[PDB]
Structure formats: structure tokens, C-alpha cells
There are 2 protein chains.
Amino acid sequence: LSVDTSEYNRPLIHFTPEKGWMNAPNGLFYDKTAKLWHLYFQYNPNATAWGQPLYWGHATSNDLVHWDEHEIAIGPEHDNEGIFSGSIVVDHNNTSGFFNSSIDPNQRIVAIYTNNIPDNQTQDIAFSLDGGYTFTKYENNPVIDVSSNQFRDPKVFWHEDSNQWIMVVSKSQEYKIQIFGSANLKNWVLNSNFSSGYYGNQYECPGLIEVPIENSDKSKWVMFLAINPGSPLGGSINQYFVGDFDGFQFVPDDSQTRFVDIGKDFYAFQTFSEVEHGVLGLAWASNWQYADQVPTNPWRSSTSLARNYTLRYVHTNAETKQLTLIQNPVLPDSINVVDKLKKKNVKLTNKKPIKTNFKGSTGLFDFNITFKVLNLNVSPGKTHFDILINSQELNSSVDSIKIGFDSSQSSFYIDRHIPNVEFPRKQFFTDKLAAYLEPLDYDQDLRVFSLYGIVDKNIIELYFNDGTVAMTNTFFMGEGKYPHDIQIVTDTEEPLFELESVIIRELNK
Amino acid sequence: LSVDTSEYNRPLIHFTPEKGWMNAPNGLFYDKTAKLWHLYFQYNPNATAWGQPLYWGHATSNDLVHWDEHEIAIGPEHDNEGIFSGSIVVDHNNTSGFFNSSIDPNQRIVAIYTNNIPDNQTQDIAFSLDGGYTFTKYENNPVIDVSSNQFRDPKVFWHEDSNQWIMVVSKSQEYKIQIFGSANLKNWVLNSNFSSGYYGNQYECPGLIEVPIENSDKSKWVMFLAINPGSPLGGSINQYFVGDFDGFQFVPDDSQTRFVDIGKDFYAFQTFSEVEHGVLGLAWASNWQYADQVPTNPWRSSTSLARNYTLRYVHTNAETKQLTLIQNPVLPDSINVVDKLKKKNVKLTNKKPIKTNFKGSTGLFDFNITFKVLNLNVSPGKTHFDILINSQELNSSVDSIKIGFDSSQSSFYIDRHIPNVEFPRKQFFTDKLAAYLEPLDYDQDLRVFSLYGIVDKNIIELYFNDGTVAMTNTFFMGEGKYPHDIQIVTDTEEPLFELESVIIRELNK
Ligand SMILES: *[C@@H]1O[C@H](CO)[C@@H](O)[C@H](O)[C@H]1NC(C)=O
Ligand SMILES: *[C@@H]1O[C@H](CO)[C@@H](O)[C@H](O)[C@H]1NC(C)=O
Ligand SMILES: *[C@@H]1O[C@H](CO)[C@@H](O)[C@H](O)[C@H]1NC(C)=O
Ligand SMILES: *[C@@H]1O[C@H](CO)[C@@H](O)[C@H](O)[C@H]1NC(C)=O
Ligand SMILES: *[C@@H]1O[C@H](CO)[C@@H](O)[C@H](O)[C@H]1NC(C)=O
Ligand SMILES: *[C@@H]1O[C@H](CO)[C@@H](O)[C@H](O)[C@H]1NC(C)=O
Ligand SMILES: *[C@@H]1O[C@H](CO)[C@@H](O)[C@H](O)[C@H]1NC(C)=O
Ligand SMILES: *[C@@H]1O[C@H](CO)[C@@H](O)[C@H](O)[C@H]1NC(C)=O
């Protein structure tokens, strides 16, 4: 309680609780009357570690970057217990019977969540009569009990075409996504089981939603699935499947495995209810392997930014395109640009590096680059360029993380290694991660790629080729240090890389 | 040609060419008459890098650890071209018409391989009349041409039940494994396409074989598949599927994705033909991201050890078992044990570390541990133990790689980071890799696990829980340095880990 790392460590525009522990985001919805985005979260107010009693924390936002934290929304009946993950729906037509005439239809808020008690996980419901700040648990909870220890994380949505509420929920250790239906929110029927992809140890946090295909009238149903432990990257990861849904079973178009975000730190993704126009969601931005040991205090964990989800046909090799999940960050105009560097058609060479030259630093930056690979035979050790994110100098040292692209491998990479920062379970804190991408485009016969990145004091979110792939990782600079400036460098004497466009901004609340 | 790193860098019992570049192993077969294992391989004699003309190199062995290199077996028609990957079968009954009355049935050797020419990849055959040392290409090559640029890596086998030769080959960029049948080895018919798992950039090096289930009469068909680039670990990786095969189509038992080896350096896996009793195979032990840049000379690349493949029902979580691919290394008794450390029931503590104390070092070691996790509440930074593989001291420093287990994560890990060793494309040389495993067993209520590891100068092969998962990685110690001794250490004051059995051996040719 006496050490506060916020000054250098606490994100400006990623949500964090003032104190205590946060994991999975819950009950994501938009209130159309109040015009407020609601974020709830797995919350332990009593320590910077997971533990019971576990609650739903609650915060609101009008723009998905500025958050007001509120009083705890739901709590367990005993210290022995926890209100585990869930989702919220708006029961406009009072199908649940909970709501007065005088409750605004857009605020008829129902939470559906896992109630965790010793040897039992059930699905329970509660309703809010005050706009989502307090709740009354349903008299006849549980609404679903299958006598299981491992039965959690409901995502519920109204399905017009089959005229019912749909729940996807994990039967975690059976590796099944279970699909239930209800008229009621109270009485549920099991319609199907879905099993596929990368099983790890466990299925968690399913989601199922209609995602729009870019430049078209058409859509596909996407099933989201979280697994932890046992990610091939180590620990926790989120995956997806593309297909069709009739209200009863989900049928994927193929049987391939794909991850939502191939950084180490993007887990328990959930989408917002009541979004008109598109699909928005966010995740918990850490990894279960080390999330409770990173050096922040008096809180641990942030969410990712909210992101916009679409589908796009992209080349995965030279011959073949696949319909692929695209995501791009939600950043409203209510963000102040303190300063920016903006350049066009720069021929990058080791004698001409790009260097930010701002007066100060908030620790929040973004960078936005479109680049072209030239025809130049260069030595193997130099077929790359690198973006450096440097702290201020402190113990007469600068800390930095590196983001680059190698043209011989057609792959982006990050290196988040920081010397002299140690914490428990760092054996699992992978430093070097890569992503292979086909060109965004061809200009004549030269390969074009794009990269957008945003750095917020302890988290970096990278989006390659207009969101073709996303990679999210936290990073921990030494005590007192935070991002101060940005450089783009290369070791080539002539130009291998031409940056058609470079924009680097310092940003603030 | 003047620098030779062999002294510290060249494996003793993993095959390497004397000079030049090697990638994928080819034409693996056992000659029953000669009693010789044959290894062919993608070979460039003219540089320590991939390039055309590309040949099949050739080596033989009576025990799968001692290799005799021979003259190039197959070469391209022009410098423009390459004999890409392939397999060998023994046509005992002369179905191909190539073989005399006086050619021993067990030596009726036919190679089936991809002929790579500009804008064209076809499948071609050649036969050997002198036991596999020289070949005559078939008069009417190609045997299969589908007018494709991306059509390569045939694995062929006799399928008794449908009375035909089967070929699995990759239609690389279409992400299809294509299954062809022949009476002939000359005239082929397409029977099915198979598409699943982790797509990556490209399908390569398929395999299809009947694998025995442990302690039973039963078996399953396993389909192997290599992808590169685009492994979720970065670069190249091998995956598999378990199911059934009728000679015409492969039908997996589920749609899950699983990798054969979750280290960075295990690619283009092939099995040996003419193995009676079980399934044996090996891979190329590097990763395409950096294989051509690692600091060895005058050669680059080794194969993995030959491994024995079985299927076993293992716990993937506390509730659920899955039928899972098991592998264990083939190490004959023709291996000399120079010295060994052997201990039983050791309560590991930071005051009582295990330390090898041998007179010298060949650079080749193995370690074999069964251990039990005790009930001891210890601080989070200490819930692990570590195996250290140390070089001799040189520039007044010891280089080392680390292999460990953390009990809070139930996961093994490696850290192959070595200071002051640099080479091109090391951004992709991932240092930290993990593997989550359920307990091998329970002793009362205490968790039991096992680990076998083998280190051979520049390559480490780890096998967790009697081969439940395998992890293969190269490593590059500083100039002159190689493994000299081994330690097992922990930071706990009391004992969290009891090692029921520990055997560390120094080994030699
Ligand atoms: C946990 O937090 C709750 C609410 O802030 C508080 O009532 C309680 O005392 C804390 N600790 C325990 C063990 O309940
Ligand atoms: C789905 O899974 C559960 C196992 O938990 C089983 O009880 C149920 O019968 C299955 N339903 C269908 C439709 O397969
Ligand atoms: C979501 O992205 C989509 C593009 O399909 C757009 O319709 C919508 O306005 C976006 N919402 C936000 C908050 O950016
Ligand atoms: C990065 O580059 C340009 C700058 O206007 C733009 O097309 C693109 O939207 C930028 N990306 C983001 C996410 O702001
Ligand atoms: C079989 O062919 C070989 C190889 O050229 C030849 O030497 C041999 O004499 C032939 N044997 C018979 C029986 O024709
Ligand atoms: C096998 O896939 C090939 C290559 O695309 C295709 O032409 C052929 O029609 C496929 N056959 C079947 C039965 O799917
Ligand atoms: C391969 O391992 C299997 C496992 O039972 C065994 O039957 C066979 O004899 C082994 N062969 C070798 C060379 O280890
Ligand atoms: C290591 O020890 C096990 C169990 O004691 C033994 O059965 C096995 O043969 C050894 N394994 C290897 C790969 O040498």
C-alpha cells in the first residue's frame, strides 16, 4: 500500500482498478439511454492477486478511453465463494419478468454469470433497477446446474432468427463449448456441444457473434474460445472459428486453428452487448503464467483497448486468400495529441534514422507506418529495420523494447527483454515473438506492408497490415522508467526500406 | 573452409554432413539384407546455405547413431534445378518392372521425389540396382504432374488392405494433403484431399502411417504435416492428426490441432520404411527462420535422433484423457557411458545441489529424472527447480542453458539464452519455451513427473513424462565452449522437490 508505481507503470487509457486485482472483463454492454459503455471485471479488492471472495468490479465510459470506477456491482454470498465471469444483456421486452413499466427498456439490465462455490459452478442471474450499479440476485438461482465443478463463463445474446436467448458456456475440462437456449433467461435447454481447435488444458470464456465481412452485405458467425493453461505460446491464449449458426448448432467453414491475438498477453476476450454497427470487444491484457507477479502496485492488470472486429479475405500465401479475423483499435477524437512526427517517402538508411524530438512524454505513444521493400542485395544480418521505444535515462541507462521487420523472413517481431528487471515466474515471460505476413500490397513488384502500434506505459498493442494480425504484450521497464521517445533505425548503408508514411504521436487523456 | 567449429559445435551422434548444407531428411529406409539404415537428405555441397543445384546426400548406419557418409545419390539435370524431398520404398515383388531376378527382393529400392525446376514441381521416380548408392531415373518421368509450382514432398508406402501404393504429397499453397494410389509407382490416381489443423503459410512434408497403441492390439492412423513459415512458435513446426485410413481417405477422430514437438527446431519429419515392430522416424533439427545463419562451419544442420512413435491415453487435464502421440529416443547399447551420476530419493534444497563431477567431457550427456512435488508452502519466486548445462570456463566466463520445472504452473521450460553470441536473424531465435503437463502419476496425493533429456554439443532433446511431449532446440555457446558439466539446483530452503531417481551420464561414440 505504500509503494505506488502508477507514475511510470500505470496505463493512461487502458482501464485499471485503482487498487487490487483484476482479471477477465465481464458484463460488457452499452447503455443507449445513458450513452455509457459498461465494463465489469473479475475483481479482488483485498490483494493484488487472484482470490476469493471474488467480485464484479464496475466502471463506465462515454468514449472507451476515459473510465469512472464505481462501487462493486455483485458479490458472493460467502468468503468461500466468487462471482465468476459473465455477460450482460438488455431484456427490452421484459421476457424475464423482472422489470416495471417504469424501467426504461434500454436499461432492463440482466447479468448472467457463473457462481463459484466449493465443488460447484452454476449459471445464475441478477437484475439491476438503477442503470447497472446495484443488482438483485434471482430468487430461484441457479438457472443452470449440471452438477459440475468445471462449468463457467456464459456469454448470452438474443438470437432473432430462432427467437430465443442463446448462451455459450464452457464445460471446461470436457473441451466442449455448450450452447443453450431460453425464452426466459431462467429456464434453459441444451441444444449442442462444440469441440475443435487447440485444446489446451481447458476451454474457457466462449463467445459467439455475427461479424461483418468488409465491403459487403454478408457476415459470418465467429465462435471465440479461450484456453489456459496449454497455449502453444505458453499459458493463456484466445482462439476463433468462422462459420454459421442457426440458433442451435455452430458449423465452422473449415477445421483450421487460428488465434485472435498472437502476443503473450490477450485473454478472456468478450464482446460488448447493444452495439449497433459492428462488433466491439476487449480482453484482459496479461497471461496467467505471470499476471500476479508483474511489478505494479497498488493494482495489477489492465484490459486491452476496445477493438473493432471485421472479416477480410487476405493472402496467407502467394496463391491463396482466407477469410480472416481483422481487428483495429478504438481510439476516439477525445484523445489529445500533444505532439507528432509526420514524414512521407523516407528512404531509411543507417545514416538517416527517424528520431522523435518532443519536449516531454506522457508515456503514451502511437506509431503508424506503411512501408515498401526495395530491390537491394544486402548482407543477411541487415535485412531488417527496427522501432525502438526508449525510456528516459535513469541509473545512467536507457531501457528499451524493440519492434521490427525482417524482409528475408517477411516477418514482424518484438523483443521486450529488459535488463535488470526481475519478478517471480519470469521463466515464462517470453521476450521474442514474431508474426509472418504476406504483403499488404504490391507496388509494381515491390512488397508493401503496414504496421500500427500503441504503447501505454506498460502495454504495447501491435496491429500488422491494417489489422490482419494483432499482437499484445505487456512490458516492465526498470523502477521509474517509462517510454520517453521513439526511433526508427536500420543497419543498411543504401535503402532496403522506403517508408511511404510515418506518423508518431505523443498522446494524453 | 578455414574455420572448423566441430571441436565444440559438431554433434557426436546426430548426423551431419562433413561439409555443406543439409535440410530435410529423405528416403529413410532399412535394408534388411545389408542390415543398414539409410538416411538421405536435401543437400547443397557447394555452400553452408540452401541453394540449387540441390542433391540427395546419403549416409548409412547399422545402429542409428554411427553414420558413414557416401557419394551423392541423386542429382538434378541442370544447375537451375533440384532433387527436392522424397521417400523410398522397397518394391519386393517388382510391381514397377525395374528389377531383375538377381536383385535381392529386400534391395529393390525405388526413390520417389519432387523434381524442382523453374515454374514446375513434379513427382518423379528412380531405382537403384546396387543397394541404394546409385540411381537410374525413370525413362518416363514425371510420374505425376499437375502443372503446379507448389506440389512437393511425397511419402509413399504399401497399403496391404487396399492393395496399392499410397502417396501423400502436399499441394502446398492450397493447404491440402493429397492422397494418391498406384499399382505401379508409375501411374497414379488421386483418391482424396485432406485439410485441417494449423495452416501457417504452406503445407509441406506430409506423412501417413499406422502407429501402435501402447499395451494393446490396436492402432490408429496418424497423419503428419509440416508447416513453414507461420508456426505459432515462429517459423517451422510439425503437427499431427489421429484417425483412420482405408486406402482412400483419412478421417481424423476429432478436429484438434497438436504439434509433434513444441521446441523451435524439429521440422520435415519423416518415418523409415521397412521397420518391423513399431514406427521410427527423425526430423531436420533446425528452424527455417535462422537455420542458414547459426555459427557452424564447414557444415550447417543435423538431424534429430531417431525416435520411436507410439500412442497413449494421457491426462490433458484432471478430468480428461486423450489418445496422444508419444515419442522416445532410439539410443542403442553401442553407446559408451564414460561416467555417470546416479542418485535415489534426493530431497532437493538450495544447500544440497546435485553437481556432476566427471574427469572430462565429450560434450554429449543425458539426464533422466523422476520427481515428486511435496506439500510445502514456499514463496512464489522459488516454486521451481533448474537443470544447468555449463560449458568450461573460457573468456573467464561459463556459458549455460537452463531446463526447469515450476510447480505453481505445472510446466517445464527451457532458456537457451547465451550472452555475447550473435548471428543474423537471431530476432527469431526464441530463448524461452515452456510445456504444460499434467502429472505423470500420483503418489498418495503428491504429483509425480518425469523428464529425460539429451545434449549433443549444439542440440538438446527433451522428453517429458515418458515422451508425452517432446521439445527440441539447438543452442550456440561461445567460440570454443561446449557442455562440460551438469547441475540440478533450487532456491527453496526446505524440500519442495523430491527426486525419486536421478541419472546423469557422459556419453561417447
Ligand atoms: C475483501 O473485501 C471486502 C469488500 O471490500 C471486505 O468486506 C473484506 O473485509 C475483504 N476481505 C475479506 C477476507 O473479506
Ligand atoms: C453435450 O455434452 C454433455 C456432456 O457434458 C452431454 O451430457 C450431452 O448429452 C451432450 N449433448 C449433445 C447434444 O451432444
Ligand atoms: C466499428 O468499426 C466499424 C467498421 O465496420 C464501424 O462501422 C463503426 O463505426 C466502428 N465503431 C467504432 C467505435 O469505431
Ligand atoms: C496509420 O496510418 C494512416 C494515417 O492516417 C491511416 O490510414 C491509418 O488509419 C493509421 N492507423 C490507425 C489505426 O490510426
Ligand atoms: C541384373 O542387372 C544387373 C545390373 O546392371 C546386371 O549386372 C546383372 O547381370 C543382371 N542380372 C540378371 C540376372 O540379369
Ligand atoms: C483434391 O484437391 C484437388 C486440388 O485442389 C482438387 O482439384 C480435387 O478436386 C480434390 N479432390 C477432391 C475429391 O476434393
Ligand atoms: C521401437 O520401439 C518399440 C516400442 O515397443 C519396440 O517394439 C521396437 O522394438 C523399438 N525399436 C527400436 C529400434 O527401438
Ligand atoms: C530413463 O529412465 C526410465 C525410468 O527409470 C527408464 O525406463 C528408461 O529406459 C530411461 N529412458 C531413456 C530414454 O534412456
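Residues numbered from 1 in each chain as written, not as in the entry; some residues may be left out. Chains lettered and ligands numbered in written order. Heavy atoms only, no water.

Describing the site of ligand 6
Residue and element names in this part refer to chain B.
So, point 1. Taken together, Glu174, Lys176, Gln178, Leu190 and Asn193 make up the full set of residues near ligand 6.
So, point 2. The contact in question runs from an oxygen atom of ligand 6 to an N or O atom on the side chain of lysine 176, over 2.8 Å.
So, point 3. Alone, ligand 6 offers 360 Å² of accessible surface; in the complex the protein occludes 47% of this.
So, point 4. Those elements giving two or more residues to the shell around ligand 6 turn out to be strand 11 (176-182) and strand 12 (188-194).
So, point 5. Partitioning the shell around ligand 6 into residue classes produces one nonpolar, two polar and two charged. (Near = heavy atom within 4 Å. Polar contact = N/O pair within 3.5 Å; in protein donor to acceptor, adjacent residues only side chain to side chain. Areas by Shrake-Rupley, 256 points an atom, 1.4 Å probe, with all protein chains shown as cover. Helix = DSSP H or I, 4+ residues; strand = E, 2+ residues; numbered from the N terminus. Nonpolar A, V, L, I, M, F, W, Y, C, P; charged D, E, K, R; others polar.)

A look at the side chain of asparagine 44 of chain A
Residue and element names in this part refer to chain A.
So, point 1. Structurally, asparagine 44 is set in strand 2 (residues 36-44).
So, point 2. Exposure remark for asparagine 44: the relative accessible area of 5% places this residue in the buried category.
So, point 3. When sequence neighbours within four positions are dropped, the list of residues in contact with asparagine 44 reads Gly20, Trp21, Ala49, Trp50, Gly51, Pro53 and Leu54. (Buried < 20%, exposed > 50% of the residue type's maximum accessible area, 1.4 Å probe, protein only. Contact = heavy atoms within 4.5 Å.)

Some details on the site of ligand 7
So, point 1. Neighbouring ligand 7 are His277, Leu280 and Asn308 of chain B.
So, point 2. Here ligand 7 loses 45% of its free accessible area of 360 Å² to cover by the protein chains.

Notes on the domain arrangement of chain A
All names here are of chain A.
So, point 1. Parsing chain A into structural domains produces domain 1 (1-332) and domain 2 (333-509).
So, point 2. Each of domain 1 and domain 2 has a C-alpha centre, and these two points are 30 Å apart.
So, point 3. Roughly 3800 Å² is buried in total at the junction of domain 1 and domain 2, and carbon and sulfur atoms are behind 57% of that figure.
So, point 4. Where domain 1 packs against domain 2, one counts four salt bridges.
So, point 5. Of the charged contacts, one joins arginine 312 and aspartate 466 as a salt bridge, the two residues approaching to 3.0 Å between their closest N and O atoms.
So, point 6. For the pair domain 1 and domain 2, the number of links is 30 residue pairs in polar contact.
So, point 7. Of the residues forming the side of domain 1 that touches domain 2, the biggest block, six residues, is contributed by strand 22 (residues 321-329). (Domains from an automatic or database assignment. Buried area = accessible area lost by both parts, 1.4 Å probe. Salt bridge = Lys/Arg side-chain N within 4 Å of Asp/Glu carboxyl O.)

A word on the packing of aromatic side chains
Here the distance between the centres and the angle between the planes together describe a pair of aromatic rings.
Residues and elements named next belong to chain A.
So, point 1. By the definition in use, this model includes 100 aromatic pairs over all chains.
So, point 2. Here the aromatic cluster, defined as three or more aromatic residues joined through ring pairs, consists of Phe371, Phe385, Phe405, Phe412, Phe449, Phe464 and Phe497.
So, point 3. Against the face of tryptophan 299 rests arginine 10, its NZ or CZ located 4.0 Å from the ring centre.
So, point 4. Cation over ring: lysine 186 sits above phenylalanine 98, and NZ or CZ is 5.6 Å from the ring centre. (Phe/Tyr/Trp six-rings, centres within 6.5 Å; stacked < 30°, edge-to-face > 60°. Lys NZ or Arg CZ within 6 Å of the ring centre and 35° of its normal.)

What to know about the relation of the copies chain A and chain B
So, point 1. Superposing chain A onto chain B requires a rotation of 180 degrees together with a translation of 0.0 Å along the rotation axis, leaving an RMSD of 0.1 Å. In symmetry terms, the pair is related by a two-fold rotation axis.
So, point 2. Counting the interface residues of chain A, we find that 100% of their copies in chain B are interface residues as well, pointing to one common contact surface. (Least-squares fit on C-alpha atoms.)

Brief notes about the sheet that holds strand 12 (residues 189-194) of chain A
Residues and elements named next belong to chain A.
So, point 1. Read across the open sheet, the four strands follow the order 9-10-11-12; overall the sheet is antiparallel. Of all strands in the sheet, those bounded by a partner on one side alone are strand 9 (152-159) and strand 12. Direction aside, neighbouring strands of the sheet carry axes that sit 25 degrees apart on average. (Pairing = 2+ DSSP bridges. Axes fitted to C-alpha atoms, helices over the stretch in contact; angles between N-to-C directions.)

As for the interface of chain A and chain B
So, point 1. Tallying the contact residues gives 51 residues for chain A and 51 residues for chain B.
So, point 2. The junction of chain A with chain B conceals about 3900 Å² of combined surface from both sides, 54% of it contributed by carbon and sulfur atoms.
So, point 3. Counting the surface chain A buries against chain B, the share from its top three residues, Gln427, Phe428 and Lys432 of chain A, is 17%.
So, point 4. If you look at where chain A meets chain B, you find zero salt bridges.
So, point 5. At the boundary of chain A and chain B, one finds 26 residue pairs in polar contact.
So, point 6. Of all elements in the fold, only strand 27 (400-406), strand 28 (411-415) and strand 29 (432-436) of chain A reach the threshold of two or more residues within the side of chain A that touches chain B.

Description of the side chain of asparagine 26 of chain B
All names here are of chain B.
So, point 1. Mapped onto the elements, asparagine 26 comes out in strand 1 (residues 20-31).
So, point 2. Overall, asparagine 26 belongs to the buried group, its relative accessible area being 0%.
So, point 3. Within the local environment of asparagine 26, its side chain forms a polar contact with the backbone oxygen of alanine 24, the two atoms lying 3.4 Å apart.

A word on a negative patch on the surface
Residue and element names in this part refer to chain A.
So, point 1. Among the surface-exposed residues, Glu160, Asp161, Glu210, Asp244 and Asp246 lie close enough to one another that they form a single negatively charged patch.
So, point 2. Assignment of secondary structure puts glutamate 210 in strand 13 (residues 203-212).
So, point 3. With relative accessibility at 40%, the residue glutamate 210 sits in the partly exposed group. (Patch = residues over 30% accessible without salt bridge, like charges linked within 9 Å, V, L, I, M, F, W, Y side chains within 5 Å. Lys, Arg positive; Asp, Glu negative; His and termini not counted. Charge placed at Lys NZ, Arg CZ, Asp CG, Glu CD.)

Concerning the pairing of strand 31 (residues 446-456) of chain B
Residues and elements named next belong to chain B.
So, point 1. For strand 31, the tally of buried residues reaches 10 of 11 residues, placing the bulk of the element in the interior.
So, point 2. As defined by bridge partners, strand 25 (residues 364-373) adjoins strand 31 across 10 bridges and the pair is classed as antiparallel. In the strand pairing of strand 31, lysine 372 is matched with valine 448.
So, point 3. Of the pairings in the sheet, the one linking strand 30 (residues 441-443) to strand 31 comprises three bridges and is antiparallel in character. Residue pairing across strands places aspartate 443 opposite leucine 446, the latter belonging to strand 31.
So, point 4. Hairpin connection of strand 30 to strand 31: two residues between the antiparallel strands, including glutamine 444 at a positive phi of 65 degrees.
So, point 5. When strand 31 meets strand 32 (residues 459-464), the two strands line up antiparallel, connected through five bridges. Looking at the pairing, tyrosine 452 lines up with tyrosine 463 of strand 32.
So, point 6. From the end of strand 31 to the start of strand 32, which pair antiparallel, there are two residues, and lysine 457 there has a positive phi angle of about 65 degrees.

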